[PDB]
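Notes follow once the structure below has been shown.
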Amino acid sequence: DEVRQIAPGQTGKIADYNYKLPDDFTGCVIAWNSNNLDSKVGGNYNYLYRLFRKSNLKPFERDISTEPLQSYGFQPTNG
Amino acid sequence: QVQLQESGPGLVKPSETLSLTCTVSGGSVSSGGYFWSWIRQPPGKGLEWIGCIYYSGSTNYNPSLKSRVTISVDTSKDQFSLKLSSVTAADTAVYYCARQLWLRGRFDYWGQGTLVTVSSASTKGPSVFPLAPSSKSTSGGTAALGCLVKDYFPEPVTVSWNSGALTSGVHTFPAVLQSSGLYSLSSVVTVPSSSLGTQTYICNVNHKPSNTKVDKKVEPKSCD
Amino acid sequence: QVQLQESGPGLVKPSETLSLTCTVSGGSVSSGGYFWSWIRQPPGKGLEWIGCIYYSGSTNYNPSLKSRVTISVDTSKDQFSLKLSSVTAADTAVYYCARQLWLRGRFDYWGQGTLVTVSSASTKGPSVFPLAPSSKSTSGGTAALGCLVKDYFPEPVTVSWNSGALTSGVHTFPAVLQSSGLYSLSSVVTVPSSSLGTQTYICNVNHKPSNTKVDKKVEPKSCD
Amino acid sequence: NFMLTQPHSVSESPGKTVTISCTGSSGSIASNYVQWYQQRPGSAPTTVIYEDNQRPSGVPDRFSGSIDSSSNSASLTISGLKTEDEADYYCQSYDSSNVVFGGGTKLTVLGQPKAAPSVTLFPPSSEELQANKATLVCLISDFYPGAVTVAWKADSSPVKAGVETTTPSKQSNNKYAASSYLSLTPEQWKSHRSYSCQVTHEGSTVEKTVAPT
Amino acid sequence: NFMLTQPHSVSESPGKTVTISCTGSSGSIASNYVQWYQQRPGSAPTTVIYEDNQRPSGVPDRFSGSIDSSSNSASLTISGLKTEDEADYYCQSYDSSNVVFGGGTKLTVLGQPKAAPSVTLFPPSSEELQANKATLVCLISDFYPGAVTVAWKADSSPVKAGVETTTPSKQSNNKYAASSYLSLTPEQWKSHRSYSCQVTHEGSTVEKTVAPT
């Protein structure tokens, strides 16, 4: 549900707290489905994400501050 | 209050007439000025609207199901029935009858959905075979026993143990297609081996398609 | 630049095999690393996608049209052809062959659309009957004459007067469905009555599906 | 199970602005490229916009497209409409391995003069009679409005069996023309003394008659 | 030609807020009443909301719906998801004397330990042998993950002909269940001295054997 969020000119929860997209964005984004390998049965929680941030961040910057981090809900038996 | 109950044969053959009747208990069809309808739902698919009726002769049908739906209301028997003609194998759906308080609104009460089956215009009885436990059939302090339902057509079968008295450890498996048309399944229950020779286990396999009820006793294997 | 032209017959019987070939001029199939496809459009309906091909053996098809589309590419003849199996009455559509610059984007050029439809077994040659003018067939200083095209299948027929030399006053009417399968139409021209007995008028009805170039002379009616 | 939803009929006066929508069913509209094809009737489709913001070289600047990923809809905006824009616009999303074309959007903006229904009649030919058939052809032409009622007559009794008529069609005279056919057996044609075709148009009736001679 | 567009799969962790949409194709969503039904698997559907803002007496207050007629969609908002909320949701319309339902949205997500693949075997019964039939049943139960491979063994020779197996299915004790069947002739069952069913699960192999006694 967040593949539509990777675009310049909107505000959400992941595109502003993990990787900002500037106006002068000449990138070329590719995404596909490989759920048979990265999603271990019974609930794969290896990957994390950031939900809470104090303020905005400059684009093309990585935020690794652990002072907000929450797990996923990946499961291969979903739609 | 009021309740809705359905009847009629679950099995339906291709290219002939379906007959499903929904009865009314605790209420009257004519009084109240409400509507009746039939709504079917295929397994794993969304709900599909078939048609609606009044207690008078007013009828309206789905254009996808137009000229195939014949629904009639008899006030004397306090029920309403629907007839479906030229049914194909894609009509396998769970049928519901529901009281309509508001025609363009919603249905307050939904009846229990009956399951129909239309596959190949054929009907064959099941062959129930006991599964005798033995010394090699147990792993530890518990053993397993059951019955085999083989060479039956069409779906489904209901298998109960001791007329439903035994439910713990009972596993019902989905059927799979055989090499030639028919299906096969089994139902087993896990029990401690201490009561193997002191209690009687009977499997009750019921097949409403092929109108064949079979009770088979399960006993430990005797070496011959 | 490059341009695509379709060929093959405009007719196919029900439950038969369709053969449509689209040729390439001004370009090469293999070079450039682009794609080919076939796109059909029913009259009065939206565009429908059939399948896309590479100059190698890579193929992909519509699941609605799956297991019915066979498209092959031959580089030596610089063309590509599509084969359709089990064509029905609902496959009447205008077929287009188009060059694919971007596989998930858009198509740079669209070829002209051939009316390739299904043709029922009612296929038969037309029966051309003259329409003899008379005294009751004229209203004033001008008269009318023509020919009747009756009991033919399928659409269309081209009717010309004096090998196309007579175009003024010529009216071609659309065909209508008869009581039994076939169609009927007529083509007439308004002419002054002074040249009724001095000028020869001949109707040239062409039926390319049933290979029929009947030429019928039109004469004033002789009382018998 | 991804289908593009497009309005069936959109009409707008020339010189104004109009928005054409294209809603995706399951997949998000921003996932894959959405392309619009402008197809004239009886002609091959032509690309009018691509890449959701990029114009082909040759089309004017008015053909502007926008993407609303929140509503899963693709919007095509046209400003300053005129005559040649009366074409069919299909929103196209090949997605992956399958072009999903849109339903299509047409255009509808808006001198036929009143005229007399000239009627001509012909009896069945002798060649048709030798080929065990008979057909009486009634023709209505050079008239307007294109709403005429035909009624075959056998001397005095109306005939409805075997009657086939054609809808009125446009011609170069800015008027309408129609046709009527009466299929008959050879014995029925000679059974009655005369056959006549009556045409009603704007109250006035024009009747011609033929006889087996 | 009016249909309701509903997302096929919507998943959200419990305790959060999620929105379920229902988009109309041709007719506007505000023209007719939109009703949502929450149907448990293997149970009759139950009305969860109606009149686009009215909740039935009995359902919790969290089932709230909203209508945005600009985008032709019907929105159902769920706050604080629970265990019993895992059910299919369908939106209903009326159009013009033709009730049209929705595509269907089900709550998907709501941590799964492995389990030992217990294997049991039974020889064919004497009653089956009197019917000129023979069938071996291999059962795999109370196991996780639900990905097992079965391989019948006639003495030291594997068997592939007549082998029928069932896909794993979840049990009541949060484990999986499976089955395997081997149809045979009565002569073939006594032809081999013993029959063995080998089950491979996470590398470990559990083997049982039977013999005609």
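Every residue, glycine as well, gets a Cβ built from its backbone with ideal geometry; the counts of neighbours run over all protein chains shown. Quick note: the coordinates plus some simple rules give every number you see, no bench work behind them.
For E:101-109, what's the mean count of beta carbons from other chains sitting within 10 Å of each residue's beta carbon?
Mean partner-chain Cβ count within 10 Å for E:101-109: 4.
Taking 7 Å along the Cα-to-C-beta vector as the label spot, tell me the A:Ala7-C:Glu16 distance in nanometres, rounded to one decimal.
4.9 nm
What is the log10 of I(q)/I(0) for chain A, computed with the Debye formula using one identical point scatterer on each Cα and no solvent, at q = 0.13, 0.15, 0.16, 0.27 Å⁻¹?
Listed by q, the Debye log ratios stand at -0.51, -0.67, -0.75, -1.32.
Among B:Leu84, B:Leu148, B:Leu196, determine the one that fluctuates most according to a GNM of chain B built with springs between C-alpha atoms less than 10 Å apart.
Among B:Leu84, B:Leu148, B:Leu196, the largest GNM mean-square fluctuation belongs to B:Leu196.
Put a label point 7 Å from Cα along the Cβ direction on B:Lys208, then list its distances to the equivalent points in the other copies in nm, shortest first.
The answer, with the shortest distance listed first, is 6.1 nm.
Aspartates and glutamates within cross-link reach of C:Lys13: Cα-Cα under 13 Å, excluding same-chain residues under 8 positions apart?
Answer for C:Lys13, where 13 Å is the Cα cut-off: C:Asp91, listed by chain and number.
Going by average Cβ neighbours within 10 Å, how do the peptides B:7-17, D:71-81, E:116-126 rank, with the highest at the top?
Per-residue Cβ counts within 10 Å, averaged per peptide and sorted highest first, yield E:116-126, D:71-81, B:7-17.
If contacts are Cα pairs under 8 angstrom and at least 6 residues apart, what is the relative contact order of region C:152-224 in percent?
The normalised contact order for region C:152-224 reaches 33 percent.
Rounded to two decimals, what is Rg over Rh for region C:1-83 when you use alpha-carbon atoms and the Kirkwood radius?
A ratio of 0.96.
Once the convex hull of the C-alpha atoms of region E:93-143 is built, how many Å³ does it hold per residue, rounded to a whole number?
In region E:93-143, the Cα convex hull volume per residue is 187 Å³.
Within a 10 angstrom radius of the beta carbon, how do C:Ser135, E:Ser26 rank from fewest other beta carbons to most?
Arranged by neighbour count, lowest to highest, C:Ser135, E:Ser26 become C:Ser135, E:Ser26.
I'd like the trypsin sites (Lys or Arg not before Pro) in region B:48-83 restricted to DSSP loop residues with at most 11 other Cβ atoms within 10 Å, sorted by number.
B:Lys66
What percent of all Cα-Cα pairs in region C:75-156 falls in each 5 Å bin, counting up from 0?
3, 9, 11, 12, 12, 11, 9, 8, 8, 6, 5, 4, 2, 0
With each pseudo-label sitting 7 Å past Cα toward Cβ, what's the D:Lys82-A:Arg53 distance in nm, one decimal?
It is 4.9 nm.
Place the label 7 angstrom along Cα→C-beta at E:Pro212 and in each other copy, then list the distances from the first to the rest in nm, shortest first.
List, nearest first: 9.0 nm.
Taking the Cβ of each residue in E:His8, E:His201 as the centre, tally the other Cβ atoms inside 10 Å and list the residues starting with the fewest.
E:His8, E:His201
Taking 2.2 N^0.38 Å as the expected size of a compact globular protein, what ratio does the Cα radius of gyration of the protein assembly as shown give against it, to two decimals?
1.23
Restricting to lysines 8 or more places apart or on different chains, can you count the pairs in region C:35-183 with Cα atoms under 29 Å from each other?
8
If we count other beta carbons within 10 Å of each Cβ, what is the order of C:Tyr96, E:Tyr144, A:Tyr49, fewest first?
If I rank by nearby Cβ atoms, fewest first, I get A:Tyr49, E:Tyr144, C:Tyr96.
Using only alpha carbon pairs under 8 Å that are at least six residues apart, calculate the relative contact order of chain C and give it in whole percent.
For chain C, the relative contact order is 18 percent.
By the 4.7 Å beta carbon criterion, which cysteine residues of the protein assembly as shown come out unpaired?
Those would be A:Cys28, B:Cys52, B:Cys223, C:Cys52, C:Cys223, since no other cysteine Cβ in the protein assembly as shown comes under 4.7 Å of theirs.
If one computes the Cα centroid of region C:139-205 and of region A:1-19, what distance in Å separates the two points?
68 Å
Compute the signed sum of charges (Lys and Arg +1, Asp and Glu -1) over the other residues within less than 10 Å, Cβ to Cβ, of B:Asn204.
Local charge sum for B:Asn204: +1.
Counting every Cα pair in region C:123-172, what percent are over 16 Å apart?
53 percent
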